[PDB]
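Below you'll find only one chain, the form deposited in one PDB entry, shown as structure tokens.
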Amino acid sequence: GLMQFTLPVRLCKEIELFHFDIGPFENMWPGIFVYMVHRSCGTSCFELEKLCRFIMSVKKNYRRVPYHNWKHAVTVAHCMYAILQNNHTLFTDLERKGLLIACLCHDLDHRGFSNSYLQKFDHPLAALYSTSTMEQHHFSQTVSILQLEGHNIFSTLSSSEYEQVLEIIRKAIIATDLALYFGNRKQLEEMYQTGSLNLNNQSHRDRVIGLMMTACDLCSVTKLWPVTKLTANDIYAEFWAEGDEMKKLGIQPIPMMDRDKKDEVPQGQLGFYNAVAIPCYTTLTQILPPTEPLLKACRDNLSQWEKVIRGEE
């Protein structure tokens, strides 16, 4: 009951900032997560024993892939933590509980391949789940782990609170399919601009949480440049392995996944900032003004990739 987690002084201070990097010491990441649950949600939100067992089961069900790994899970969760701590009064008790768990579970059992590669491979998950293939899988693995003996961290909720929290989690994990972000952001853009955006409208909160999930998922682009640059190496190690696997199916991969086109990475990152990242953080900042440091870090990183093209680095 009175067992708090504490962090060294540097981490206690820097964990509050959007641009925090969780560091290379894997054994500290469960503790960093519990710390965030406890400040975000409260020391009563979960039974510590059930939570520690849930976290360790989630970790075991992420694979040893270059980018879509346990570190990505804890990083995305930390960006959610910073969003929620900077918008105290805007979110319900169930929403703070649900979203930190959703972010931790959002890529469970990722293999390092896109929805597109699963469909071209004709993988069994593509017949089970014809759209948002990996995301429906991630949600499935989340419910499986929640149903393991001693792992139901939501057990103290009523039946309706429990259906509510699992529904928040399901929508938040599905929203991490980037294919769905384009239209979600366009709708929020129109709603903010015609002044019809209403946080008391459930369909509207759902869209805002979806954008939050995209913002947290893509938060590599919001770190200090040395972090963003080194994470891009892990991002491309996965993409280039998928490209190689496309060539094995007798399919030319898109340039993003062709290692033979490594030279054009700096121009490809610019397109992504301009088409996905900058628009994402701009709309989030319009709806939730205290998330502005994410937009400001993203712009700094865009300007660093423009410097790479000019051969200043």
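Just so we're on the same page, rigid core means the largest C-alpha set that superposes within 1.5 Å between forms. Residue numbers run from 1 along the displayed sequence. Residues that one form lacks are left out of the comparison.
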query	finding
Of 105 to 113 and 124 to 132, the one with larger mean CA B-factor	124 to 132
Higher-B stretch (mean Cα B-factor, as the entry records it), 39 to 47 or 274 to 282	39 to 47
Deposited CA B-factor, highest of 193, 214, 231, 222	193
Most elevated Cα B-factor in the entry, residues 170, 137, 185, 97	97
Residue 19 - Cα temperature factor, lowest/middle/highest third of chain	lowest
Within-chain third of residue 119 by Cα B-factor, per the entry	highest
Chain thirds of CA B-factor: placement of residue 28	lowest
Residue 258 - which third its CA temperature factor falls in, relative to the rest of the chain	middle
Assigned third (lowest, middle, highest) for the C-alpha B factor of residue 59	lowest
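The same protein has a further form, the form deposited in another entry, not shown here; the description that follows concerns it.
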item	value
Core-superposed comparison between this form and the one not shown, residue 7 Cα displacement 2 Å or beyond	yes
Is_shifted residue 26 between this form and the one not shown (CA, 2 Å cut-off, rigid core)	yes
Regions of at least 3 residues displaced between this form and the one not shown by 2 angstroms or more (CA, core superposed)	1 to 10, 23 to 27
